[PDB]
């Protein structure tokens, strides 16, 4: 129900602005892309210590309101707003498991919500909309933290406008 809010106390907008996801327990890391399996191009969404504050994200609902609430199903993406590249999804891939990855397509309703958790927010993934959600957390591998489903152990973020 509640409005999602940035570090400056302002409502997080629907598509119009980009935001850094700043982790509270991994301060010197920021979002980036990395390679997973035998893939050539990096498509896994990671928190890279060697990258800060990282690549910013937009939060997108089809609803014609310019704020995001914690109950809205969202797309989450790197890059510009109107585009279909850099769109986050969750994909089963060894060695990570239910990995957060980027793709080139965008559903009308994305599978994520941003929900209040402790001193910031967590990203939650819904395999179908009616169901309960799975917290996005971190899988440590190759000196980086791959974002993946890890229910019970969310990665908690402050949402900072890129300005």
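Definition used throughout: the rigid core is the maximal C-alpha set that superposes within 1.5 Å between two forms. Residue numbers count along the first chain shown, from 1.
Once the structures in 4 other deposited structures of this protein are superposed via the core, the pair 98 to 106 and 35 to 43 is resolved in favour of 35 to 43 as the more displaced stretch (C-alpha RMS). Between 114 to 122 and 23 to 31, greater CA displacement relative to the shown form is found for 23 to 31 when the structures in 4 other deposited structures of this protein are fitted on the core. The deposited model assigns a higher average Cα B-factor to 99 to 107 than to the other stretch when 58 to 66 and 99 to 107 are compared. With 109 to 117 and 30 to 38 compared on mean CA B-factor from the PDB entry, the stretch scoring higher is 30 to 38.
Among the modelled residues of the chain, residue 48 sits in the highest third by CA temperature factor in this PDB entry. When the CA B factors of the chain's modelled residues are split into thirds, the value for residue 75 lands in the lowest one.
In this PDB entry, the Cα temperature factor of residue 146 sits in the middle third of its chain's modelled residues. Ranked within its chain, residue 18 lands in the lowest third, by CA B factor from the PDB record. Annotation for residue 155: C-alpha temperature factor in the middle third relative to the rest of the modelled chain, per the entry.
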